[PDB]
Structure formats: structure tokens, C-alpha cells
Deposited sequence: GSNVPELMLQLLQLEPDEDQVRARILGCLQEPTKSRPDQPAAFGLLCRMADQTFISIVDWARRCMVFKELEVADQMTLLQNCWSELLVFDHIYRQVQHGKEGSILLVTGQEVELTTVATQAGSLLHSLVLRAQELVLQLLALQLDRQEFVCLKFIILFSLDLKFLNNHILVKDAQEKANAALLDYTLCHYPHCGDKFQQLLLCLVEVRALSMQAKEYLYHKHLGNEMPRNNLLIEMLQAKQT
């Protein structure tokens, strides 16, 4: 059936998962597990950026605006990435990591601390929710874009260019949504809700890292910590 342009293009702008696992997995080789995961996160964050750099209207923007956009949505993109991977993982007993690993919820239930434990379960509630709505790649992809440009226009230099990117994305989703998912429920508005949820997790996730930081647990050259401070 008829798919919006923005969704088609954006779908070509997506990298190979195996390539990601390849890229992320190889970059690792150079407590113990903790440090690895921090590095794995940082790496998925960089990969999340090359996605941005190679992005459409985002690249045509000034560097001053690119910085600020990412500085505002880096956390949501990450969490959302972790989230969608579970939409494809399907399971409810364990979480799937960008590497390829599997971690049972029983394992984090006993090992993780109050906060992470908490956050991880909250993230999974959002995974069931998005599964019910039947989230697909076309929307998934469209949604990431939307998260990238979800900022107040009073914070950018290139005013108009962004306002066009935002309205473009929302109308694209509404189209694809009312069109292909003609079942009952307003998926366009419903999905938008899942996104404000993501934004809530993002903040909690930032509070965790910050906790780790204060406690001097995070790696030294950690990228995430570099974003947390701004």
C-alpha cells in the first residue's frame, strides 16, 4: 500500500543491524561487565549519530543547530533504540542487547539496584504497549526522526527549516497510520503518547548515570557522561 516519501527515504537511511553488531562488537575488544556496557552504550550513541549525520534535513543544518538538537534528544534516541530492539526481540523473559546478548529479567531483578531495576521494567512496559499498537519499521523510523526534531524553535538558529521537518514528520505518521492501520484507536496520537513516556524514561536514565557519576563509577572517557553535563 501507499507509503509516504519521508518514510521510504528514512528507511534507506537505516544501517544494517548485523553491521551495527559488527561495528559495536569489534570496538569492544580493545566491575568488568559494567565498564563493557558503558562502552557499548557510548558506541550505540555514536552509531545513533552517524544516523543523524547521514540524515536528511538534519545534515543541511548548521553545526550550531546540530549540536543543540542532539544535546536535547541524545538520551531519548538511546532509550528508544533499546526499546524498539525489544519490539523485535518479542520475548518477555529477557532483554536483548545491541551486541546480541540476552539478559534475563530474573538476573537484573537480583543483580541490578533499585534504580536500574526500576528503569528496565519501566522500559519493558513501554515495549508491551508498543507491541499492542503493532509498531512497525516505517513508523519506528519515522518516530526516530520526529524525536530528533522535537525541540522548541526558540532554541535554533535555522528557524523555518526545522518547523518544516516537524510538520512533515507528524503528517507522514498520521498518513501512514490512518491509512495502513485502519483498526480502532488513534495510533497517531497513541504513538505520540508512547513518546512522552520515552521522554520520562530518558530523564530517569539520566538520573541513573548522574548517580553513577557522583559515585565515581562511570568510565573516565564516557561519552554519555559528557552529554549529561550541559
- [ ] Give the ranges of the deposited sequence, numbered from 1, for which the structure holds no C-alpha coordinates, in sequence order.
- [x] 1, 32-39, 240-242
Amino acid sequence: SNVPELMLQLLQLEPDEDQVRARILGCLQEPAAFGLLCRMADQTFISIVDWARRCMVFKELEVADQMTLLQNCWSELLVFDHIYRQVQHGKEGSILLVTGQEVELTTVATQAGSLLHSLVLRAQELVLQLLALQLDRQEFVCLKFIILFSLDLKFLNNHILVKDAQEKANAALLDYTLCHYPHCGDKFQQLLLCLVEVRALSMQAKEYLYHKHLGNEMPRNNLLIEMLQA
From here on, numbers count along this sequence of modelled residues.
TODO: Can you let me know which of the two, 152-160 or 137-145, has the higher average C-alpha B-factor in the entry?
DONE: 152-160
Task: Higher-scoring stretch by recorded Cα B factor average, 13-21 or 209-217 - done: 13-21
- [ ] Compare the CA B factors listed in the entry for 63, 41, 203, 195 and report the winner.
- [x] 63
Open item on the list: By the recorded C-alpha temperature factor, relative to the other modelled residues in its chain, which third is residue 7 in?
Closed with: middle
Open item on the list: Taking only the Cα B-factors deposited for this chain, tell me whether residue 183 sits in the lowest, middle or highest third.
Closed with: highest
Open item on the list: Quick check on the deposited entry: does the C-alpha B-factor of residue 191 sit in the lowest, middle or highest third of its chain?
Closed with: lowest
Open item on the list: For the chain shown, is the CA B-factor of residue 199 in the lowest, middle or highest third of its modelled residues?
Closed with: lowest
- [ ] Looking at the entry's B-factor column for C-alpha atoms only, identify whether residue 51 ranks in the lowest, middle or highest third of its chain.
- [x] middle
